>>> print(open('final22.txt').read())   # compact mmCIF, C-alpha atoms and all ligand atoms
# COMPACT_ATOMS: atom_id res chain seq x y z
CA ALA A 1 128.07 198.41 38.35
CA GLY A 2 130.84 196.58 40.16
CA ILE A 3 128.50 194.21 42.07
CA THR A 4 126.60 193.03 39.00
CA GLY A 5 127.87 189.69 37.77
CA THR A 6 128.96 186.32 38.90
CA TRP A 7 130.67 185.54 42.12
CA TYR A 8 132.25 182.44 43.57
CA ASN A 9 133.03 181.33 47.07
CA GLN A 10 135.84 179.26 48.09
CA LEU A 11 133.80 175.99 48.28
CA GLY A 12 132.15 175.51 44.91
CA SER A 13 129.11 177.84 45.13
CA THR A 14 128.18 180.55 42.64
CA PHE A 15 125.83 183.29 42.35
CA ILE A 16 124.79 185.60 39.73
CA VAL A 17 123.39 188.98 40.73
CA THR A 18 122.12 192.18 39.11
CA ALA A 19 122.42 195.37 41.17
CA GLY A 20 119.56 197.72 40.31
CA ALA A 21 120.03 201.44 40.23
CA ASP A 22 117.92 202.11 43.38
CA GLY A 23 119.30 199.41 45.63
CA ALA A 24 117.79 196.10 44.48
CA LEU A 25 119.77 192.83 44.27
CA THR A 26 118.21 190.07 42.26
CA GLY A 27 119.60 186.86 40.93
CA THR A 28 120.32 183.15 41.31
CA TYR A 29 122.40 181.17 43.81
CA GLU A 30 123.81 177.77 42.73
CA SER A 31 125.04 175.69 45.65
CA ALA A 32 127.10 173.33 43.37
CA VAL A 33 128.83 174.64 40.19
CA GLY A 34 127.43 173.34 36.91
CA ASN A 35 124.35 171.73 38.62
CA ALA A 36 121.02 173.30 37.43
CA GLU A 37 118.96 171.40 40.08
CA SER A 38 120.98 173.38 42.65
CA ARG A 39 119.74 176.88 41.51
CA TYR A 40 117.68 179.10 43.84
CA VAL A 41 116.24 182.58 43.72
CA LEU A 42 118.32 185.33 45.54
CA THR A 43 116.86 188.65 46.55
CA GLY A 44 118.48 191.47 48.57
CA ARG A 45 119.53 195.06 48.90
CA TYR A 46 122.63 197.19 48.73
CA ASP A 47 123.50 200.75 49.62
CA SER A 48 123.29 202.40 46.17
CA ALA A 49 125.41 205.42 47.15
CA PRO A 50 128.42 204.17 49.13
CA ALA A 51 131.26 206.38 50.40
CA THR A 52 133.92 207.66 47.99
CA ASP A 53 136.34 207.23 51.00
CA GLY A 54 137.85 203.77 50.03
CA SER A 55 135.10 202.04 52.11
CA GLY A 56 133.21 199.00 51.02
CA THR A 57 129.59 199.00 49.92
CA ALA A 58 127.15 197.32 52.39
CA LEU A 59 124.75 194.72 51.07
CA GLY A 60 122.77 191.69 52.02
CA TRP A 61 120.67 188.95 50.46
CA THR A 62 118.47 185.96 51.20
CA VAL A 63 118.01 182.56 49.57
CA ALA A 64 115.17 180.29 50.69
CA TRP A 65 116.39 176.71 49.97
CA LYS A 66 113.38 175.74 47.92
CA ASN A 67 113.28 175.13 44.19
CA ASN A 68 111.58 172.54 41.98
CA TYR A 69 114.06 169.83 43.11
CA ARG A 70 114.63 170.48 46.80
CA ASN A 71 112.85 171.97 49.81
CA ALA A 72 115.23 172.14 52.68
CA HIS A 73 112.77 174.10 54.90
CA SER A 74 115.49 176.63 55.46
CA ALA A 75 116.70 180.06 54.42
CA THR A 76 120.10 181.68 54.49
CA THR A 77 120.92 185.41 54.75
CA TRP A 78 124.27 186.90 53.92
CA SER A 79 125.40 190.28 55.26
CA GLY A 80 128.55 191.95 54.09
CA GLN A 81 130.36 194.42 51.96
CA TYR A 82 131.61 194.67 48.37
CA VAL A 83 135.20 195.95 47.85
CA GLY A 84 135.96 196.65 44.14
CA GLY A 85 139.32 196.83 42.25
CA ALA A 86 141.58 194.20 40.85
CA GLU A 87 141.07 191.68 43.67
CA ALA A 88 137.28 192.52 44.04
CA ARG A 89 135.55 190.64 46.78
CA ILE A 90 132.31 190.42 48.71
CA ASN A 91 133.15 189.53 52.34
CA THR A 92 130.12 188.16 54.24
CA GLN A 93 128.81 186.43 57.27
CA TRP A 94 125.76 184.27 56.92
CA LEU A 95 122.89 182.94 59.11
CA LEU A 96 121.07 179.73 58.08
CA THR A 97 117.71 179.20 59.82
CA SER A 98 115.78 175.99 59.60
CA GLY A 99 112.08 175.65 60.39
CA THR A 100 111.92 173.83 63.73
CA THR A 101 109.48 172.74 66.44
CA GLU A 102 109.28 174.97 69.43
CA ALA A 103 111.26 172.43 71.44
CA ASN A 104 114.12 172.46 68.87
CA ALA A 105 114.07 176.24 68.28
CA UNK A 106 117.41 176.63 70.05
CA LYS A 107 119.15 174.62 67.31
CA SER A 108 117.45 176.60 64.52
CA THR A 109 120.28 178.93 63.33
CA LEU A 110 123.76 178.13 62.01
CA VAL A 111 126.35 180.89 61.47
CA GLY A 112 129.35 181.12 59.18
CA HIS A 113 131.31 183.25 56.78
CA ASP A 114 131.87 183.30 53.03
CA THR A 115 134.26 185.33 50.88
CA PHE A 116 133.18 185.76 47.21
CA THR A 117 135.45 186.69 44.36
CA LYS A 118 135.09 187.12 40.64
CA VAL A 119 137.27 184.04 39.67
CA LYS A 120 136.67 180.33 40.72
CA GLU B 1 101.73 182.56 54.19
CA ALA B 2 98.49 184.27 54.67
CA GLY B 3 100.14 184.03 58.08
CA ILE B 4 103.26 186.09 57.28
CA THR B 5 101.59 188.85 55.28
CA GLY B 6 100.91 191.94 57.38
CA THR B 7 102.44 194.17 59.98
CA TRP B 8 104.87 193.10 62.61
CA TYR B 9 106.38 194.82 65.61
CA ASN B 10 109.50 194.23 67.62
CA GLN B 11 109.84 194.90 71.15
CA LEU B 12 111.71 198.24 70.68
CA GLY B 13 109.46 200.41 68.54
CA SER B 14 110.20 199.12 65.05
CA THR B 15 107.68 197.90 62.57
CA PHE B 16 107.51 196.32 59.27
CA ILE B 17 104.95 195.61 56.78
CA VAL B 18 105.42 192.62 54.47
CA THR B 19 103.62 190.78 51.69
CA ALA B 20 104.44 187.11 51.24
CA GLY B 21 104.17 186.16 47.55
CA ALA B 22 102.84 182.79 46.55
CA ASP B 23 106.25 181.58 45.18
CA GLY B 24 108.45 182.68 48.07
CA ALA B 25 108.96 186.44 47.70
CA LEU B 26 108.91 188.84 50.70
CA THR B 27 108.48 192.49 49.85
CA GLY B 28 107.62 195.44 52.02
CA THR B 29 108.80 198.32 54.17
CA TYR B 30 110.68 198.57 57.44
CA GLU B 31 110.13 201.61 59.74
CA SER B 32 112.79 201.95 62.40
CA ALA B 33 110.67 204.33 64.55
CA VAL B 34 106.81 203.82 64.77
CA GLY B 35 104.89 206.55 62.98
CA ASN B 36 108.00 208.32 61.58
CA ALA B 37 107.70 208.49 57.73
CA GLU B 38 111.40 209.53 57.31
CA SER B 39 112.33 206.27 58.92
CA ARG B 40 110.82 203.96 56.15
CA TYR B 41 113.06 201.66 54.09
CA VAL B 42 112.55 199.03 51.42
CA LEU B 43 112.62 195.35 52.67
CA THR B 44 113.09 192.37 50.37
CA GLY B 45 113.54 188.73 51.18
CA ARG B 46 112.46 185.15 50.79
CA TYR B 47 110.53 182.49 52.65
CA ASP B 48 110.05 178.80 52.23
CA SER B 49 106.57 178.71 50.55
CA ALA B 50 105.88 175.04 51.39
CA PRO B 51 106.78 174.63 55.05
CA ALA B 52 106.30 171.29 56.91
CA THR B 53 102.81 170.10 57.83
CA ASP B 54 103.49 169.56 61.50
CA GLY B 55 103.77 172.64 63.84
CA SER B 56 107.36 173.43 62.68
CA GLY B 57 108.08 177.11 61.94
CA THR B 58 108.47 178.54 58.44
CA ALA B 59 112.02 179.72 57.56
CA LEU B 60 112.49 183.17 56.12
CA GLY B 61 114.91 186.01 55.77
CA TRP B 62 115.07 189.60 54.57
CA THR B 63 117.38 192.57 54.00
CA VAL B 64 117.03 196.30 54.53
CA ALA B 65 119.75 198.63 53.14
CA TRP B 66 119.59 201.71 55.45
CA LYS B 67 119.21 204.20 52.65
CA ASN B 68 116.10 206.20 51.85
CA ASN B 69 115.49 209.83 50.77
CA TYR B 70 116.30 211.11 54.31
CA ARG B 71 119.20 208.95 55.48
CA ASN B 72 122.11 206.94 54.10
CA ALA B 73 123.68 205.02 56.88
CA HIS B 74 126.12 203.17 54.59
CA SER B 75 124.87 199.88 56.05
CA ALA B 76 122.52 196.98 55.56
CA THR B 77 120.86 194.57 57.99
CA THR B 78 119.74 190.99 57.28
CA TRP B 79 117.34 189.07 59.47
CA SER B 80 117.16 185.28 59.49
CA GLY B 81 114.50 183.37 61.34
CA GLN B 82 111.26 181.55 61.42
CA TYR B 83 107.53 182.36 61.50
CA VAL B 84 105.35 180.47 64.00
CA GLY B 85 101.59 181.09 63.42
CA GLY B 86 98.57 180.82 65.73
CA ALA B 87 97.41 182.56 68.82
CA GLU B 88 100.66 184.23 69.86
CA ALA B 89 102.12 184.44 66.21
CA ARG B 90 105.74 185.45 66.14
CA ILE B 91 108.73 185.79 63.84
CA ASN B 92 111.84 184.94 65.85
CA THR B 93 115.07 186.22 64.23
CA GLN B 94 118.70 186.93 64.52
CA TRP B 95 120.15 189.80 62.57
CA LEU B 96 123.51 190.91 61.12
CA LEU B 97 124.16 194.62 60.47
CA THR B 98 127.14 195.33 58.22
CA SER B 99 128.56 198.78 57.70
CA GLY B 100 130.76 199.76 54.76
CA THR B 101 134.25 200.13 56.17
CA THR B 102 137.84 200.70 55.12
CA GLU B 103 140.01 197.58 54.94
CA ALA B 104 141.74 198.51 58.24
CA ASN B 105 138.35 198.69 60.04
CA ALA B 106 136.79 195.66 58.35
CA UNK B 107 137.00 193.59 61.50
CA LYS B 108 134.58 196.14 63.14
CA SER B 109 132.12 195.86 60.20
CA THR B 110 129.35 193.51 61.47
CA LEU B 111 127.05 193.76 64.51
CA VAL B 112 124.88 190.84 65.59
CA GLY B 113 121.66 190.68 67.55
CA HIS B 114 118.21 189.21 67.87
CA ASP B 115 114.66 190.51 67.38
CA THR B 116 111.28 188.90 68.13
CA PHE B 117 108.35 190.26 66.09
CA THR B 118 104.70 189.99 67.06
CA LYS B 119 101.42 191.05 65.55
CA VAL B 120 100.57 193.59 68.40
CA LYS B 121 102.67 196.58 69.63
CA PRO B 122 104.99 195.95 72.57
CL CL A 201 116.68 199.08 41.94
CL CL A 202 106.27 185.13 44.90
>>> encode(input="final22.txt", output="structure tokens", more="lines below")
Ligand SMILES: [Cl-]
Ligand SMILES: [Cl-]
Amino acid sequence: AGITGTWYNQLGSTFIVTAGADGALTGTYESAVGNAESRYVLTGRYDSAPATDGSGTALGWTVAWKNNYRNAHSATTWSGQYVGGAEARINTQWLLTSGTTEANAXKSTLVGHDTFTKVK
Amino acid sequence: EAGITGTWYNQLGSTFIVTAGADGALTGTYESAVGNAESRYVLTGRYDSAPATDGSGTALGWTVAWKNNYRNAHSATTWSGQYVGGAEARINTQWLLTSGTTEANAXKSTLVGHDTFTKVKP
């Protein structure tokens, strides 16, 4: 239940996700708040029976940066964990891969981190 | 991709089977140990469904949560990479494996590695 909803990073991005009962994540990622030309499909998975033990819940998702306005020839994956409660957060690291020639394949993949919370 | 749809093998004994939807969806199954049915997990992801015309790879990514009816590892792995078609077709990836952790152990939460998938067993 706790994952379903809207989340915001610290830079102006948003997503909206629904967590299905058997582990599915589906939704939309908006790279710039309030901009509908910046919406992309998100698909992923989560562990649908995490540990009672005060641990986070592991999850991941992908966005391919193609919609009817933009085709960046790239995709990003986020890997992380949801921690519920009053300061709920999804703490992630991400990999962004761009389609490249074989000669440029070594500069194909950027890495970073994102922390999502439930307020802007 | 006609090209992406099908079965892929890493160099360590894992396999997956994927279907690439016409509007960017990846769906399928990941088997961590070849011909072990208790080792099958749902895979979902995305690819860029209109890659460049010009011998560039096709970007894609997917997630497996390591839970099925036999195992719950309390973890999920994401792969990010690119498909390169042709004679020696490959999907070259880097992966992130995150485990659910306590807050004290959160800095030990995420493993990183790489995987190269081909269309024939290693
Ligand atoms: Cl589900
Ligand atoms: Cl599709």
>>> closest_atom_pairs(input="final22.txt", of="chain A", to="ligand CL 201 (chain A)", cutoff="8 Å", atoms="only C-alpha atoms and all ligand atoms", output="tab-separated table")
residue	atom	partner	partner_atom	distance
A:19	CA	A:CL201	CL	6.9
A:20	CA	A:CL201	CL	3.6
A:21	CA	A:CL201	CL	4.4
A:22	CA	A:CL201	CL	3.6
A:23	CA	A:CL201	CL	4.5
A:24	CA	A:CL201	CL	4.1
A:25	CA	A:CL201	CL	7.4
>>> residues_around(input="final22.txt", residues="segment 31-40 of chain A", least_positions_apart="6", cutoff="8 Å", atoms="all atoms listed in the file", output="VMD selection string")
chain A and resid 12 to 14 63 to 69
>>> residues_near_ligand(input="final22.txt", ligand="ligand CL 202 (chain A)", cutoff="8 Å", atoms="only C-alpha atoms and all ligand atoms", output="PyMOL selection string")
chain B and resi 20-26
>>> write_last_selection(input="final22.txt", atoms="C-alpha atoms", output="PDB file, keeping the file's coordinate frame")
ATOM      1  CA  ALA B  20     104.440 187.110  51.240  1.00  0.00           C
ATOM      2  CA  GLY B  21     104.170 186.160  47.550  1.00  0.00           C
ATOM      3  CA  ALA B  22     102.840 182.790  46.550  1.00  0.00           C
ATOM      4  CA  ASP B  23     106.250 181.580  45.180  1.00  0.00           C
ATOM      5  CA  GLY B  24     108.450 182.680  48.070  1.00  0.00           C
ATOM      6  CA  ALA B  25     108.960 186.440  47.700  1.00  0.00           C
ATOM      7  CA  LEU B  26     108.910 188.840  50.700  1.00  0.00           C
TER       8      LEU B  26
END
>>> closest_residue(input="final22.txt", among="B:54, B:91, B:99, B:106", to="residue 6 of chain B", atoms="all atoms listed in the file")
B:91
>>> closest_residue(input="final22.txt", among="B:37, B:59, B:4, B:76", to="residue 61 of chain A", atoms="only C-alpha atoms")
B:76
>>> closest_residue(input="final22.txt", among="B:53, B:69, B:82, B:7", to="chain A", atoms="only C-alpha atoms")
B:82
>>> closest_residue(input="final22.txt", among="A:115, A:104, A:55, A:80", to="residue 111 of chain B", atoms="only C-alpha atoms")
A:80
>>> residues_around(input="final22.txt", residues="residue 121 of chain B", least_positions_apart="3", cutoff="10 Å", atoms="only C-alpha atoms", output="list in words")
residues 7, 8, 9, 10, 11, 12, 13, 14, 15, 34, 117 and 118 of chain B
>>> residues_around(input="final22.txt", residues="residue 86 of chain B", least_positions_apart="6", cutoff="12 Å", atoms="all atoms listed in the file", output="PyMOL selection string")
chain B and resi 2-4+55-57+118-119
>>> atom_distance(input="final22.txt", atom1="atom CA of residue 39 of chain B", atom2="atom CA of residue 16 of chain B")
11.1 Å
>>> closest_residue(input="final22.txt", among="A:93, A:57, A:98, A:74", to="residue 72 of chain B", atoms="all atoms listed in the file")
A:57
>>> interface_residues(input="final22.txt", of="chain A", to="chain B", cutoff="8 Å", atoms="all atoms listed in the file", output="short mmCIF file (atom, residue, chain, number, x, y, z; two decimals) with C-alpha atoms, keeping the file's coordinate frame")
data_model
loop_
_atom_site.label_atom_id
_atom_site.label_comp_id
_atom_site.auth_asym_id
_atom_site.auth_seq_id
_atom_site.Cartn_x
_atom_site.Cartn_y
_atom_site.Cartn_z
CA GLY A 23 119.30 199.41 45.63
CA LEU A 42 118.32 185.33 45.54
CA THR A 43 116.86 188.65 46.55
CA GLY A 44 118.48 191.47 48.57
CA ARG A 45 119.53 195.06 48.90
CA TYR A 46 122.63 197.19 48.73
CA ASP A 47 123.50 200.75 49.62
CA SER A 48 123.29 202.40 46.17
CA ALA A 49 125.41 205.42 47.15
CA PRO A 50 128.42 204.17 49.13
CA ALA A 51 131.26 206.38 50.40
CA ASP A 53 136.34 207.23 51.00
CA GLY A 54 137.85 203.77 50.03
CA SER A 55 135.10 202.04 52.11
CA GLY A 56 133.21 199.00 51.02
CA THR A 57 129.59 199.00 49.92
CA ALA A 58 127.15 197.32 52.39
CA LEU A 59 124.75 194.72 51.07
CA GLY A 60 122.77 191.69 52.02
CA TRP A 61 120.67 188.95 50.46
CA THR A 62 118.47 185.96 51.20
CA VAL A 63 118.01 182.56 49.57
CA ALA A 64 115.17 180.29 50.69
CA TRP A 65 116.39 176.71 49.97
CA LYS A 66 113.38 175.74 47.92
CA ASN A 71 112.85 171.97 49.81
CA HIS A 73 112.77 174.10 54.90
CA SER A 74 115.49 176.63 55.46
CA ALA A 75 116.70 180.06 54.42
CA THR A 76 120.10 181.68 54.49
CA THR A 77 120.92 185.41 54.75
CA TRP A 78 124.27 186.90 53.92
CA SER A 79 125.40 190.28 55.26
CA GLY A 80 128.55 191.95 54.09
CA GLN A 81 130.36 194.42 51.96
CA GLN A 93 128.81 186.43 57.27
CA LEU A 95 122.89 182.94 59.11
CA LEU A 96 121.07 179.73 58.08
CA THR A 97 117.71 179.20 59.82
CA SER A 98 115.78 175.99 59.60
CA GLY A 99 112.08 175.65 60.39
CA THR A 100 111.92 173.83 63.73
CA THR A 101 109.48 172.74 66.44
CA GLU A 102 109.28 174.97 69.43
CA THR A 109 120.28 178.93 63.33
#
>>> axis_aligned_box(input="final22.txt", around="segment 97-113 of chain A", padding_each_side="8 Å", output="AutoDock Vina command-line options")
--center_x 120.3 --center_y 177.8 --center_z 64.1 --size_x 38.0 --size_y 26.8 --size_z 30.7
>>> residues_around(input="final22.txt", residues="residue 38 of chain B", least_positions_apart="2", cutoff="10 Å", atoms="only C-alpha atoms", output="number ranges by chain")
B: 31-33, 35-36, 40-41, 68-71
>>> atom_distance(input="final22.txt", atom1="atom CA of residue 87 of chain A", atom2="atom CA of residue 119 of chain A")
9.4 Å
>>> atom_distance(input="final22.txt", atom1="atom CA of residue 89 of chain B", atom2="atom CA of residue 28 of chain B")
18.8 Å
>>> build_atoms(input="final22.txt", residues="segment 92-115 of chain A", atoms="N, CA, C and O atoms", output="short mmCIF file (atom, residue, chain, number, x, y, z; two decimals), in the coordinates of the input")
data_model
loop_
_atom_site.label_atom_id
_atom_site.label_comp_id
_atom_site.auth_asym_id
_atom_site.auth_seq_id
_atom_site.Cartn_x
_atom_site.Cartn_y
_atom_site.Cartn_z
N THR A 92 131.46 188.33 53.56
CA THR A 92 130.12 188.16 54.24
C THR A 92 130.17 187.27 55.45
O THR A 92 131.09 186.43 55.67
N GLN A 93 129.15 187.46 56.28
CA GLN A 93 128.81 186.43 57.27
C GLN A 93 127.39 186.05 56.99
O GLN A 93 126.62 186.79 56.41
N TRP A 94 127.05 184.82 57.30
CA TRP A 94 125.76 184.27 56.92
C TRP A 94 125.10 183.65 58.13
O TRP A 94 125.79 183.14 59.03
N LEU A 95 123.77 183.59 58.09
CA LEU A 95 122.89 182.94 59.11
C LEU A 95 122.01 181.99 58.33
O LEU A 95 121.32 182.45 57.40
N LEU A 96 121.92 180.74 58.70
CA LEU A 96 121.07 179.73 58.08
C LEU A 96 120.03 179.34 59.11
O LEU A 96 120.41 178.69 60.08
N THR A 97 118.77 179.64 58.88
CA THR A 97 117.71 179.20 59.82
C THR A 97 116.90 178.14 59.22
O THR A 97 116.43 178.22 58.08
N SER A 98 116.65 177.07 59.99
CA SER A 98 115.78 175.99 59.60
C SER A 98 114.48 176.10 60.35
O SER A 98 114.48 176.53 61.52
N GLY A 99 113.39 175.81 59.68
CA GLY A 99 112.08 175.65 60.39
C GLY A 99 112.19 174.51 61.40
O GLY A 99 112.67 173.42 61.08
N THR A 100 111.78 174.79 62.64
CA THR A 100 111.92 173.83 63.73
C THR A 100 110.65 173.77 64.56
O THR A 100 109.82 174.64 64.46
N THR A 101 110.53 172.71 65.37
CA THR A 101 109.48 172.74 66.44
C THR A 101 109.89 173.69 67.50
O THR A 101 111.05 174.15 67.57
N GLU A 102 108.95 174.04 68.38
CA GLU A 102 109.28 174.97 69.43
C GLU A 102 110.33 174.39 70.34
O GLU A 102 111.18 175.12 70.83
N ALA A 103 110.29 173.08 70.55
CA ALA A 103 111.26 172.43 71.44
C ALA A 103 112.68 172.48 70.88
O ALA A 103 113.64 172.47 71.65
N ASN A 104 112.81 172.48 69.54
CA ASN A 104 114.12 172.46 68.87
C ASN A 104 114.56 173.87 68.40
O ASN A 104 115.57 173.98 67.68
N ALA A 105 113.85 174.90 68.80
CA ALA A 105 114.07 176.24 68.28
C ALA A 105 115.47 176.75 68.64
O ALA A 105 116.06 177.54 67.90
N UNK A 106 116.03 176.28 69.74
CA UNK A 106 117.41 176.63 70.05
C UNK A 106 118.47 176.08 69.11
O UNK A 106 119.57 176.60 69.12
N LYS A 107 118.18 175.08 68.29
CA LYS A 107 119.15 174.62 67.31
C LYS A 107 118.72 175.02 65.86
O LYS A 107 119.01 174.39 64.89
N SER A 108 118.00 176.13 65.78
CA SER A 108 117.45 176.60 64.52
C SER A 108 118.46 177.31 63.63
O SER A 108 118.24 177.23 62.40
N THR A 109 119.51 177.97 64.14
CA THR A 109 120.28 178.93 63.33
C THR A 109 121.77 178.69 63.39
O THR A 109 122.37 178.74 64.46
N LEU A 110 122.32 178.36 62.23
CA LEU A 110 123.76 178.13 62.01
C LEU A 110 124.36 179.47 61.54
O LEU A 110 123.69 180.31 60.89
N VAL A 111 125.65 179.71 61.84
CA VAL A 111 126.35 180.89 61.47
C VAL A 111 127.66 180.49 60.81
O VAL A 111 128.29 179.52 61.17
N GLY A 112 128.03 181.30 59.83
CA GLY A 112 129.35 181.12 59.18
C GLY A 112 129.74 182.34 58.42
O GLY A 112 129.21 183.41 58.49
N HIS A 113 130.80 182.16 57.58
CA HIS A 113 131.31 183.25 56.78
C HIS A 113 131.62 182.77 55.37
O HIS A 113 131.70 181.57 55.08
N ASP A 114 131.61 183.69 54.44
CA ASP A 114 131.87 183.30 53.03
C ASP A 114 132.61 184.50 52.48
O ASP A 114 132.16 185.65 52.61
N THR A 115 133.64 184.30 51.69
CA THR A 115 134.26 185.33 50.88
C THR A 115 134.07 184.98 49.37
O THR A 115 134.34 183.82 48.96
#
